[PDB]
Amino acid sequence: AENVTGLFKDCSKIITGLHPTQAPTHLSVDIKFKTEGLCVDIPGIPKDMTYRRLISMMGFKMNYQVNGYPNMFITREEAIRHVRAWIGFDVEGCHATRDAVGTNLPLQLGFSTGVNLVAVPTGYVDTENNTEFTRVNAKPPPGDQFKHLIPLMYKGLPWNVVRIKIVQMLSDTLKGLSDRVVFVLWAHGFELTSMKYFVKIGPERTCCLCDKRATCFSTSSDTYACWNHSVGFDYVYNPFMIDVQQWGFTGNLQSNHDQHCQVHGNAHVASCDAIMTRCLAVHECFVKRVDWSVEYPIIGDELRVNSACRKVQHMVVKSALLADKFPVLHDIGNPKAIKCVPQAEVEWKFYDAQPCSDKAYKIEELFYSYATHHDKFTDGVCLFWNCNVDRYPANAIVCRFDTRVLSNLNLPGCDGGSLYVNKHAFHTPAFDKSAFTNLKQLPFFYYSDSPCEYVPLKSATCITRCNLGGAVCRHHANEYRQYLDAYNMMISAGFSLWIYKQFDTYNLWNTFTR
Amino acid sequence: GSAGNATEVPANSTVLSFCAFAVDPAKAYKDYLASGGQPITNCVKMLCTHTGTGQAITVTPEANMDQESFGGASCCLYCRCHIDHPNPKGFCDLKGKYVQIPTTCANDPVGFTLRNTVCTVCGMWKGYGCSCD
Ligand SMILES: [Mg+2]
Ligand SMILES: [Zn+2]
Ligand SMILES: [Zn+2]
Ligand SMILES: [Zn+2]
C-alpha cells in the first residue's frame, strides 16, 4: 500500500499538503488533517489564500468503452483501411525548473508534413478558485543532443494560436483525401499528452452546415466542422491514432526506419521523427505486396484515369506489334492471363512473382532482376505494365508511375517511393532515370486501322485511318480527339511511357498501304 | 521523472482522462457511469460529529446522522479533472468549502454534485431535501 498514478502528479515544490477543501483528493490533503484513514477539518490550521501548483499531465492512459463514445485508438487493420488519414506525430518537450518540478510540457510539435510548430511552455496550474491554463518556466532536457532545443524556448507561440494553426494545417492537408484523422506515433504516451492542448473528444457528430462527419470543434461558438468548410476552428473533435512501436519492433525507431529507408536522414527536429514513423509504418503494411482484400472509396477523377490506363495500353502495344512484328511478347507483371491486345498471332508469354491460383498454369513464376535476367529475354519484345523494376531491357514497352508528380491519389513512402491509391493501393519504387537508360521516351501517337464514316482538328501526329486528305475524317478526327484527351489524363496522373529505342511511327504506314 | 508528489491512484486513471478530453465533461461522466464504469473514488472524507447543519455548502463540515461529510473540492468534477468551470468566469463553488451527501448516494459524490443544485431559499440540497415545496 498504496498504488499511485503518474497522472495528475503534483509537481509543485510546496512542502505542505493541501487543506481538506481546495485539496483535489484525499491523497493530496496534508498529514496534519489525516487521522484513522479519514481526513478532518481543523479550523485552527488555515487553508492557503494563494498558491500555484503545477499539475502534471502525463501517462494519460485512456482505454474505456462507452456505447456512444468511439475508440480513440484503432486496430492495425482499421488503420490500413484509412491511410493518408495518416500523419506522423512526435513532440519534443521541456520540463519545469523553477516554480515547480517533475512533469513535461510540449516544446516543438513535429508532423509527417515538413511543418514544425513550436510553443511557449504552458501547463495546467491549480489555484484556490480554479485550475488555470498558463505559461510556465521550463528548461531544455539535460542531454547534449537536446542542446538544440534551447533557442526554441523563447521563440513562440501562444497555444490558443498553435491549436488553430494545427487545425488549419491539418484541415488543408487532409481535406480532399479523408473524412477523419489518424496519428502514427512511436511513443504512444507523450504525444497523447501533447494532445490535451488542441484535441477534444466526444460521440461522433456531423459537420455543421456541411454533409459529412465532423473533424473539428470551435470553442468561440459551440459548433462542429469537417476538414472542408472549417476555419477559425481551434480544436480537433475526434482524432484517431495508432502506436507503431506497439507492433513489436525490437529497437528504437531510428534503427528500424534506417534499414528500409535511406531517404530520410536525421535532424532531431520533431518533424523528422514523425516522418520516420509514417515512413516506417507504410513499409510495414504496404511493402507487403498489394493486398486485394482492402477497399478504398475513390474521390476522385480516378475512374477516368483507370479506363484511360487500359485504352493507352491496348493501343501502344498493338501498334508496337504491328510496327516491329515481334515473334513473341513477354508479359511481365501479369498475375492473370488478360492479354492487353486480345487477338494477335504473336506468342504471348506470362510472367509474375505471384501468379493467381486460377490461370496459374499459364504463367511462369519469376522475380525480375536486370542482373539475372538481361540474358534470358533477348528474343521478341518485353512488356512491363506497371511492373516496376530495376533498369529495363533494351527491347521493351513499359509503363511506370512517376513518384515525383503529385495527385490526390498518391502519398509519400519509403524510400523516395510513393504509395499510389485508387483501389488496391500499390507501394512503388522511386522514379529513377537509370532504369530507362536502354529505352527511350514514348511520343504520343494515335493509331486505328478502320474504315472512316464539331470543327475539324487536323493532327500531324496520328496515323489517320485515311491520310490521303487533310485528312479530318469525322470518325477518326473525333476518335483521336477522345484518345488524346484520355491520354493527356493518364500522363497528368503521372504515369510514364517508355519504349525500345528502335520504335518508329513510320513503320506503321506500311500496314496501311495495300 | 518523479521527483514529484502523487495526487491520484490508478483506479481513477481512465475516467478522469476521459472526462478531461470531453467537450461535455458532464455528459461524459454520466455516460461512463452507464458503461459499467466505476464512479470516482479517493475523494476527501471527513471524520465528523454527524450533528450540525444539513446544508450542502458549508464553510466547516456540518453533517446529519444520515449525510456524510466531504472536502468537496474533490467532489467537484471540474476541480478534480483540472478543466474549466461551468461558470463563465472562471471560479468554482466547491473549492474553499465542504459538501454533504446522503450516505447511500455518497458512493459517487462527484456526480451527486453535478446532478443536483442547492436552492437559494434554505441554502440546502433540493429534493434530498427542501422544506420549500
Ligand atoms: Mg515520440
Ligand atoms: Zn524514410
Ligand atoms: Zn472546481
Ligand atoms: Zn430549499
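Residue numbering for chain A follows Swiss-Prot, covering 5903-6355, 6367-6427 in order.
Determined by X-ray crystallography, 3.4 Å, according to the entry header.
Cβ atoms here come from the backbone N, Cα and C positions, even for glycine.
For A:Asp5992 (among others), the entry in Swiss-Prot reads active site. Cβ neighbours of A:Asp5992 (active site) (same chain, under 8 Å, six or more residues apart in sequence): A:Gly6012, A:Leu6087, A:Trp6088, A:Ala6089, A:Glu6093, A:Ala6172, A:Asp6175, A:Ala6176, A:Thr6179.
What Swiss-Prot records for A:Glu5994 (among others) is active site. The Cβ of A:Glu5994 (active site) has 23 neighbouring Cβ atoms from other residues within 10 Å, across all protein chains displayed.
For A:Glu6093 (among others), the entry in Swiss-Prot reads active site. Secondary structure at A:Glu6093 (active site), as computed by DSSP, is helix.
The feature active site is assigned by Swiss-Prot to A:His6170 (among others), with sequence analysis given as support. Listed in sequence order, the residues of the same chain lying 6 or more apart from A:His6170 (active site) and placing their CB within less than 8 Å of its CB are A:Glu5994, A:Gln6047, A:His6050.
Its Cβ taken as reference, A:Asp6175 (active site) is surrounded by 27 other Cβ atoms within 10 Å in the chains shown. Look at Swiss-Prot and you will find A:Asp6175 (among others) tagged as active site.
A:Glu6093 (active site) counts 24 other C-beta atoms within 10 Å of its own C-beta, drawing on all protein chains shown. Per Swiss-Prot, the feature Mg(2+) 1 binding site maps to A:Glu6093.
In sequence order, A:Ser6350, A:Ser6352, A:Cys6354, A:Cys6375, A:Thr6377, A:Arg6378, A:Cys6379 constitute the residues six or more apart from A:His6389 (Zn(2+) 16 binding site) in its chain with CB-CB distances below 8 Å. Annotation source Swiss-Prot lists Zn(2+) 16 binding site at A:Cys6354, A:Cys6375, A:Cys6386, A:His6389.
According to Swiss-Prot, the domain 'ExoN' annotation covers A:5974-6189.
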For the binding-site residues listed here (A:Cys6354, A:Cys6375), which one has the lowest count of neighbouring CB atoms within 10 Å of its own CB?
A:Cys6354
What's the end-to-end span in Å, taking the Cα of A:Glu6355 and the Cα of A:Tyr6367, for the 11-residue unmodelled region?
15
DSSP three-state call for A:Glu5994 (active site): helix, strand or coil?
strand
Cβ neighbours within the same chain of A:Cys6386 (Zn(2+) 16 binding site) - under 8 Å, at least six residues apart:
A:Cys6354, A:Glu6355, A:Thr6377, A:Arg6378, A:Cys6379
A:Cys6386 (Zn(2+) 16 binding site) in three-state DSSP notation:
coil
